[PDB]
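Throughout, read-outs are computed from the coordinates displayed, never taken from laboratory work. Note: ideal-geometry Cβ built from the backbone for every residue, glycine included; neighbour counts use all protein chains shown.
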């Protein structure tokens, strides 16, 4: 059973994420849920607003190697009062999927993980994303 | 003239001893303390709780000092100052859900009622009950009462209703009274009977007021009709509606002029003669207790880095209304000189303050009525 | 940061570890793999031949039938037929890295063997290169249906090597970009003063292969891609093939990266109205 | 109910003030049929779309308070129906009707038991 | 009610409605955006201060008016200013009302699509057409026929008309504007010894010049005079409480129109350069043209230049025929008012592309394989 | 400026002066627990009229009122998918933040484009007419913000080759 490709698991841990590939017998990965962006706050010069035109103005890196990045604050979209960066978690996972795993989420199937004490809105806004951004054939 | 909120109660009603000294209040929720005219300061005098149905109206019989209490429970009582505190003394009724308003048959004979249950629970005292008891006008009425006024002969009654139809009634009880004098509106005067009507189902009648002897009567609905019936014009009637914001209150202040107030918070005058439908105004009555010199630029600066409502306007000079007229004004009454010769008048609001007022500046006219 | 490699992060590190392990003589654990890439890939990997000292990668795609028709095989017999291998079943072909297929310098192949995807594409693109170099029009076009709500072919002309396309538009909110921003490429290159011909075509495939204005006034992208020899030299070529073997697939992923992003503005904005809403007081 | 020929007579004769007083004449208040009401509303709205901005205030000052209240019931009747930017000419009518009646003319439409 | 007429161009914006006596929507066709760390961070400011607000804040801002391959290139910075029009000047939608747009002669290919892409997908106008600005001037004069000068802040052009039939080979478009003047003009401050001379003072330079400059009457007489006088020198306040007193420069640098050669630039001087229109024109008309010489712009409001350019032109010209040279009060301001008033000839609308035409093919209904 | 908006919203605020009614009653036949009174309206004579108010030809408002609680809904000229679904990436985003401001009839209601649930509680909670003098006009400003997202989003269209091709 498949899209073109079968199901796989990510366990989306609030320290490290873990996963493996169709046919293996282990998580091939158990890995830092972390990402680094400069937040040194001297917001200055040549100003612009209200215009999403082609950029020269982003400075960011993701995963275990983002831990090395200087002035880049290696944040963690783990859940720890910080929750709101489920916004970044999309772009983050888009990197993971298409660029670390180097994969195709409209062809595979998926299983993903949540805590018992979960509220709806943070997932359900990401459900348009799951089926319009990630456009998966099926998941739960 | 003068104002203060000694503490910021949502004064939902006010009542007194006839010397206007001990202010009782309908509070927030179910928590009363009475305060008193400490010269002109306001200082606590009582704690009351045991009428537990919040509070609604009352009828403080203000000579005899008997607050018949009402609200969202049949633990409704003559509260009386037992020397110690105002304390309960039970009434028995056959209303349900609530009592909104209560009304001494003017000679304090009994009171009339407005129920949470479509009805007039006509309530009469029994020494034998140790308490009141009632009988009911469930019919010919259809729905219940918001406002009440006995005609001065005290067995004759007017009311404003959620049954809308602007009807005049009799409610004599054999075991406390005898039937009243040949009422020109209609004189079938036993229990529960209908004297007269004006065809007006025109909003739920919200204020009812006799002229200075009740030869004519006014009404208003909360839908803000303003209206009358006059007997000597041969059971004549009148109706109008205001221009301004919807009514809180109206009263006669003669047989020919009345004070009205609404969500505009300022009072406006009304004037009349006897020209049937010729209902007529007289303009806004008040002048604000404020002047333009108010300000404190330091906190205006501090809280223009923060931004809560931080784009200014004179609406804020009345906490949204302008005129110092607040989140809202909430009641009006005459203090002294009365519905003929007033020397002072007063008003309440959501701010919890006493206010007293500029009357006799407006004394500037003579005589009234014209048989038209 | 958003970049990629033709060899895979997932694969190179694990199998170079398996080959660090092969150098050490180490014993197995159970690998088998299937997955996907751009271009509709079914990757595979395995413990083939049952035993403690082999690995095999394999791959399968439907339109291999349109591709084995072409002599791709010979460059690959050099670069990868340096290694000793056989096709697996169900897969088109497979690479047996038997741990006795490993050299002294075990690293040296790893990158190359991983980059094989695009390199298989390049192994046949060279024929249209050779057709252009031999001065040949129209030669032997590689009509492939890699995709099918889309179309493509590779072909040649004496001056210039070529590819052509189709792709059906789904939404007008896409079309309003499609029929605008490539016309600030087809009329706009001054700050990007390099590019070969690329013609995105909201209706128009070229004439030897299909014919122009074959869409709903805008509803099919018959894109086309044609090379100046300042690309068809033995160099500027390679850079560019790499982009192309991801381009629109990768782009249509970047779309969503940017869709997500606006919600910064929107977070700020919506939070601003939550501020503004107080001011009624 | 109103008379179509009576209103068109004033309207075609340039007696726009008479067209107004005629189009307001004998309102369908007592009829429970909405169709007879909408005929009167179409008569009145045709007059309202036919006016000149400057002439509105002359015509509005000719009405008594009952005419202004009835007019507000009709302006409201117009406003339920978007089309032809009718609401733009109606807003200019309202501005004059409001200047003549005052806000009590709004209150009285909001109180009505039966209406146009 | 309305249809929309604008000086959408260089200098200030100078817009109004159709038919008005005056442009009214008026501020610089240039804007600024903070050049700074906003050290009082969170002080509630948006990222731009615009023309008049740009000037109110010009010590704060980065500003744009792009490459002399056009007037501008990221016209999608007037992006912002489109809204600055629609709301911040007006509070209205263009999408409501038929629009009179304008563009110059000889614009390179892509213009009109890239424009109309916005003008209908974005500005969504009911229907529109685009004018060329020269004869707008003659409408105000009530004329059709003569030679029309533009020199401005965007551009220059030199335009023969004959009730239409305007000359494709003897109309003379040129990049030139008052825009350009300052690069020579401001190097002089080191002759002035001013250790203090920047970019933002260019506007004050332009100020002093617009207050006190004129074009020299016979320049070596002026040079001998500057070599012998300083009544030339005239005082000017500066923002801390200073004055500077300066004023030979005030007509020295005002020679460069005859001497582009000042930057070593191989261009002829002004009237000589311009004469070539006429030289390429019909020859017969060159009598009658003596009465038909129409001249205008903000750049045209200087003293001394008029008699100078006449005598200069006269150094090219025969005598022989009856002169009229034609340059009105407010010629600088005037052009929008003539173009405003055109719309009264409602005929002017009938040319209009509607949004339908623009939708159906695209603006491929009208762009630039079209002539 | 769009100046008949002044007649429009001055007449809105003249309606919201004629009829700033909302004040409370609980019960007289059925329970004291004050309801979504505008939803649960049984009968007319106690209550405000049901109403609708065009601006033009697509644009209009609905207002409906129990004597104590009220609906609004408002309709917009716009009708392209490029107008709608794109701003509805926001009208999705919007609705949890309605839970942070408490008076939406929380949906982008069709025939209109939105709706509101309004009640007497608010009249006792803080303030007076500065409230509606904010609200009715704030409601335009959040429409003028569509122009703000407009150039924003159109400039996201100007992201396009400005990345992919401009890499080279």
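Using the Cβ-Cβ distance between residue B:372 and residue C:273 with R0 = 60 Å, the FRET efficiency computed as 1/(1 + (r/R0)^6) comes to roughly 0.55. In the range B:75-155, Cα pairs under 8 Å separated by at least six residues give a relative contact order of 27 percent.
Note on chain A: with a GNM built from Cα contacts shorter than 10 Å, the maximum mean-square fluctuation among A:43, A:96, A:51 falls on A:51.
Under 19 Å from a point 7 Å along the Cα-to-Cβ line of residue C:197: which residues of the range C:230-253 have their amide N that close? Under 19 Å, as judged by backbone N against the label point of residue C:197, lie C:230-233, C:237, C:240-241, C:244 of the range C:230-253. The calculated 222 nm mean residue ellipticity attributable to helices in chain E amounts to -7000 deg cm²/dmol, summing -39500 (n - 2.57) over DSSP H runs of n ≥ 4 and dividing by all residues. Averaging Cα coordinates gives a centre for the range C:35-109 and one for the range F:68-91; these two points are 55 Å apart. Pairs of Cα atoms nearer than 8 Å and 6+ residues apart set the relative contact order; for chain C it is 13 percent.
I'd like the distance separating the alpha-carbon centroids of the range E:193-270 and the range B:260-337, in whole Å. The two parts, judged by their Cα centres, are 64 Å apart. Just check chain D against the gyration tensor rule for me: Cα atoms, a ≥ b ≥ c as the square roots of the eigenvalues, rounded for a/c under 1.5, and otherwise prolate or oblate depending on whether a/b exceeds b/c. It is rounded, given that a/c, with a ≥ b ≥ c, falls under 1.5.
Using a Gaussian network model of chain F in which every pair of alpha carbons under 10 angstrom is joined by a spring, one finds that among F:29, F:51, F:153 the greatest mean-square fluctuation is at F:29. Distance between the 7 Å Cα→Cβ label points at residue D:83 and residue C:23: 8.6 nm. Sequence-distant contacts, meaning Cα pairs under 8 Å at least 6 residues apart, place the relative contact order of chain D at 28 percent. Inter-chain Cβ neighbour count for C:59-72, averaged per residue, equals 0 (cutoff 10 Å, partner chain atoms only). When both the range B:136-197 and the range A:23-71 are represented by their alpha-carbon centers, they are found 80 Å apart. Ranking of A:117, E:136, A:111, F:62 by neighbouring Cβ atoms within 10 Å, starting from the fewest: A:117, A:111, F:62, E:136.
Compute the Cα gyration tensor for chain E, then decide on rounded, prolate or oblate, letting a ≥ b ≥ c be the square roots of its eigenvalues: rounded whenever a/c is under 1.5, prolate when a/b is larger than b/c in the other cases, and oblate in all that remain. Oblate, since a/c reaches 1.5 and b/c is not below a/b. The distance between label points at residue C:255 and residue E:360 comes to 3.0 nm (points 7 Å beyond Cα on the Cα→Cβ vector).
Go ahead and set up a Gaussian network model of chain D, Cα springs under 10 Å, then flag whichever of D:57, D:80, D:95 fluctuates most. Checking each option, the largest mean-square fluctuation is seen for D:80.
By the count of other C-beta atoms within 10 Å, a proxy for reagent exposure, C:1, C:152, E:265 are ordered fewest to most as E:265, C:1, C:152. Other protein chain C-beta atoms within 10 Å of residue C-beta, averaged over E:106-114: 2. For chain B, the mean residue ellipticity at 222 nm estimated from helices alone is -500 deg cm²/dmol, where every DSSP H run of n ≥ 4 contributes -39500 (n - 2.57) and the total is divided by all residues, rounded to the nearest 500. Relative to the current alpha-carbon distance between residue E:204 and residue E:344, full extension at 0.36 nm per residue lengthens the span by 46.4 nm.
Quick check on the protein assembly as shown: take the gyration tensor over C-alpha atoms, sort the square-rooted eigenvalues as a ≥ b ≥ c, and tell me if it's rounded (a/c under 1.5), prolate or oblate. Judged from the Cα gyration tensor, the protein assembly as shown comes out oblate (a/c at least 1.5, b/c at or above a/b).
Residues C:85, D:116, ranked from the fewest to the most other C-beta atoms within 10 Å, line up as C:85, D:116.
When peptides E:320-327, C:244-251 are sorted by average Cβ neighbour count within 10 Å, with the highest value leading, the order is C:244-251, E:320-327.
The modelled label-to-label distance for the pair residue E:245/residue C:82, using points 7 Å beyond Cα in the direction of Cβ, is 8.5 nm.
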